[PDB]
Amino acid sequence: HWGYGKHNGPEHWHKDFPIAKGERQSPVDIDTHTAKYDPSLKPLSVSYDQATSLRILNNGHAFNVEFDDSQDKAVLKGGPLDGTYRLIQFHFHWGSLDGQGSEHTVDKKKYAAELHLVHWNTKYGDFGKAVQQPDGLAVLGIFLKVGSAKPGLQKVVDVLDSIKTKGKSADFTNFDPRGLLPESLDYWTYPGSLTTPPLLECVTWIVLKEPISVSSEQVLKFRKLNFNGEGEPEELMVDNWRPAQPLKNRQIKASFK
Ligand SMILES: CCCCc1cnc(SCC(=O)c2ccc(S(N)(=O)=O)cc2)nc1
Ligand SMILES: [Zn+2]
């Protein structure tokens, strides 16, 4: 039932998921001037050399590129994190127009899209248990702006016609998520939530300061996807982003400057 329209979009979510109005909801606007530089924050450690992608899926809200998370192969640690977080999937949120799409904003600036690399804390044994813990997930957020193509994204873009509609999946092996990372790992971090239902407050957010560039043609392809299932009226998969939520009693920390 929940989705991104007038009648079931983010403003409606609290009815099914009352935690929508909770104390640590995501996304948020990152006020770069009031973010506190924290010299005790470590460099982020991204170990994706052994990543094993398996499949890409249109789940009717976005597309997920899923990884084999049954061994320590693609892991996030360091930064603000204690312990080891395993990559389970990535997906994006994007706009109907280049002027919007991102979930987090930076001094109210919206980017064309936002990539979420979703990782779960190995101490909880799996994803479903981890989401029920306040430190269960680490999501690495990366902004996309429109300009030069991102070569490492093209394999993703090229398979989308094969998963046009809700419920479609395709084999997606040997995809290397290192090709989606900007040069710098400078980041902001704060305690938040999943940005889609069930909106669980289980996320340490790590948002990179440096956006990646993707071409207009790459993002256009994202916009050809469908929210609907095959043999239904076409609703383009666009504007699948939740707007900024109240910061409330939280401090955003910066790894830099
Ligand atoms: C309430 C009891 C149900 C426990 C349970 C909750 N959510 C999920 S899945 C939602 C999900 O996979 C996900 C991952 C990342 C993000 S985001 N957009 O914050 O990166 C949003 C949703 N699976 C099991
Ligand atoms: Zn997301």
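Note that the numbering runs from 1 along the sequence shown for the chain. Just so you know, these numbers use all the heavy atoms, side chains as well, and skip hydrogens, waters and symmetry mates. Indexing begins at 1, ligand by ligand and atom by atom, following the structure's order.
Considering both main-chain and side-chain atoms, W205 never comes within under 3.5 Å of ligand 1 through any nitrogen or oxygen pair.
Closest heavy-atom approach to atom 17 (S) of ligand 1 among the candidates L137, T195, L200: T195. Remark: among candidates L199, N240, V131, the nearest residue to atom 5 (C) of ligand 1 is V131, based on non-hydrogen atoms. Distances from atom 23 (N) of ligand 1 to the heavy atoms of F127, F90, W120, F92 put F127 nearest.
Close approach of ligand 1 to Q89 is summarised as follows: ligand atoms under 4.0 Å from at least one heavy atom of the residue are 14 (C). Each of the atoms 21 (C), 22 (C) of ligand 1 lies under 4.0 Å from some heavy atom of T196. Near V139, with a cut-off below 4.0 Å to any heavy atom, the atoms of ligand 1 are 20 (O). Proximity to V118 (heavy-atom distance under 4.0 Å) selects the following atoms of ligand 1: 15 (C), 20 (O). Listed by number with element, the atoms of ligand 1 under 4.0 angstrom from any heavy atom of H93 are 18 (N).
Between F175 and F90, a ring centre-to-centre spacing shorter than 6.0 Å is recorded.
In this structure, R242 has no heavy atom closer than 4.0 Å to ligand 1.
Screening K224, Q100, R223 for a side chain to side chain contact (heavy atoms under 4.5 Å, CB included) with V238, the sole residue that qualifies is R223.
Note on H116: its N/O/S atom closest to the Zn ion (ligand 2) is ND1.
What sits closest to atom 20 (O) of ligand 1 on the protein, heavy atoms only, is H91 CE1, 3.3 Å. For atom 4 (C) of ligand 1, the closest non-hydrogen atom on the protein side is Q132 NE2, 3.4 Å. Closest to atom 1 (C) of ligand 1 among all protein heavy atoms lies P198 CB, 3.8 Å.
A continuous path of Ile, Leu, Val, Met, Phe, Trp and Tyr side chains, each step under 4.5 Å between heavy atoms, connects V214 with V159, placing both in one hydrophobic cluster.
For the residue pair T84 / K77, a side-chain donor-acceptor distance below 3.5 Å is found, with atom types taken as modelled. Using a 3.5 Å distance cut-off with no hydrogens or angles, the side chains of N249 and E23 do not pair a donor with an acceptor. No side-chain N or O of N226 forms a donor-acceptor pair with one of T165 less than 3.5 Å apart.
Two residues are said to be in side-chain contact when any heavy atoms from C-beta on lie closer than 4.5 Å; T204 and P80 meet this criterion.
Taking the ring centre of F256 as origin, the terminal cationic atom of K209 falls inside the region bounded by 6.0 Å and 45° from the ring axis.
One N or O on the side chain of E201 and one on the backbone of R24 form a donor-acceptor pair closer than 3.5 Å.
Using a 4.0 Å cut-off between heavy atoms, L194 contacts ligand 1 through both its backbone and its side chain.
Taking the six-membered ring where the residue is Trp, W2 and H61 present parallel rings, their angle staying beneath 30° rather than reaching 60°.
With the Zn ion (ligand 2) as the vertex, atom NE2 of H91 and atom NE2 of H93 span an angle of 110° (nearest 10 degrees).
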